[PDB]
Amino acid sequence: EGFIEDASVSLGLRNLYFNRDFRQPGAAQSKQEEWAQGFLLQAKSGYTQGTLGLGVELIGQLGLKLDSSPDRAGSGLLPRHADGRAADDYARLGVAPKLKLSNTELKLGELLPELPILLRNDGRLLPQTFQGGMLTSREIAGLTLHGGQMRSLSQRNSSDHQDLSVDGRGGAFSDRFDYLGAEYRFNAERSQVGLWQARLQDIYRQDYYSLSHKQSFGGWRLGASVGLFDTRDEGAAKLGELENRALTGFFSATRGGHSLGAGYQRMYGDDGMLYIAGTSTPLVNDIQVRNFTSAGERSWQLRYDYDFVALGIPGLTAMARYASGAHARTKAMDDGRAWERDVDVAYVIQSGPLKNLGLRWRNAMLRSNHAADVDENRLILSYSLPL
């Protein structure tokens, strides 16, 4: 009578071939080329009856080495020993109790947060996870309030957890990551304004402002979004004084399966974008291999999408984008330039025994006069088994 009625168990399967090719010689390491199979166990109970409902969730991970050689092993699909050898496997299991009162919900334990201020990475074999507690509340129509504290994370290619730190810096760690968020949706569900504040204890404080609108016009579906991060050092300020403002925004137009979109992004201040180690960001140029977040980096993006439904081939989609950056500072030089060209093709079998089986290919070129030039390919096989 509930609890057992809204319960679900799924087994996510991801077969991944990853090949990042470094073009410049001597690159010391010529290549990251690995192949792995991941398993993602997610089991949720429903909630016990009563005004205060209890429930529990479980996240299980298993990554298996299918092919690797130490000369080419840092791909991020697998943990990597000091000898340079990939692990043959790694696993992880976290439980997550949950309470629900009215329209307010609390989860503690192993978490998969997808927050503008803390976006869990899923760019390899197995998801990044966090450890702590999340509150989510929507007692008011249109409004969603967020609060929580994280204490540790587990990176995508690790069984283990570790204290939090900031991407690209390390050295300074924290026990305590506290946030608060508010999100108001209006104009017949079209417009939305967001407000966020996060505090990585004794390292940084980060504000985030968000503005977005989405509206259909006959056959056109236009979308506009703009966000702003403002990050300063905080407390004892272990990384020292920090100073980044980071702007992002795009506009998107879609009609008859075709999508075109332009994006802009700019890093202001002595520091580039500051975020939690290994985490993703909602910045528009956070793309396949690079995210264009170096100090002072100004960048834009043009993106094209097509949904092959219209041709009579549903499940087939294609995407291409070009990202260009300038004025990046890298001790060696200011006016650092880079450009990345991504190509995404995906197919999902829509009928038959193999319904929902998915194959996706991601290809990227990156060239720069500061970053390492790369060519990257990933083959991704996907399927989700309900239990």
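Residues carry their position along the shown sequence, with the first being 1.
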| query | Do the C-alpha atoms of 311-319 or of 269-277 have the higher average B factor in the entry? | reply | 311-319
| query | Hey, which bit's got the bigger mean C-alpha B factor in the entry, 24-32 or 42-50? | reply | 24-32
| query | According to the deposited entry, which of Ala141, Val166, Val95, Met150 has the largest Cα B-factor? | reply | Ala141
| Residue of maximum C-alpha B factor among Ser191, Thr248, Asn291, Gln206, per deposited coordinates | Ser191
| message | Can you tell me whether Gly256 has a C-alpha B-factor in the lowest, middle or highest third compared with the other modelled residues of the same chain? | response | highest
| task | Please place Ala338 in the lowest, middle or highest third of its chain by C-alpha B factor as given in the entry. | result | lowest
| request: Using the B-factors in the PDB entry, rank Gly132's C-alpha atom against the chain and give the third, lowest, middle or highest. | output: lowest
| said: Quick check on the deposited entry: does the C-alpha B-factor of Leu387 sit in the lowest, middle or highest third of its chain? | reply: highest
| query | Looking at the C-alpha B-factor of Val9, is it in the lowest, middle or highest third of its chain? | reply | highest
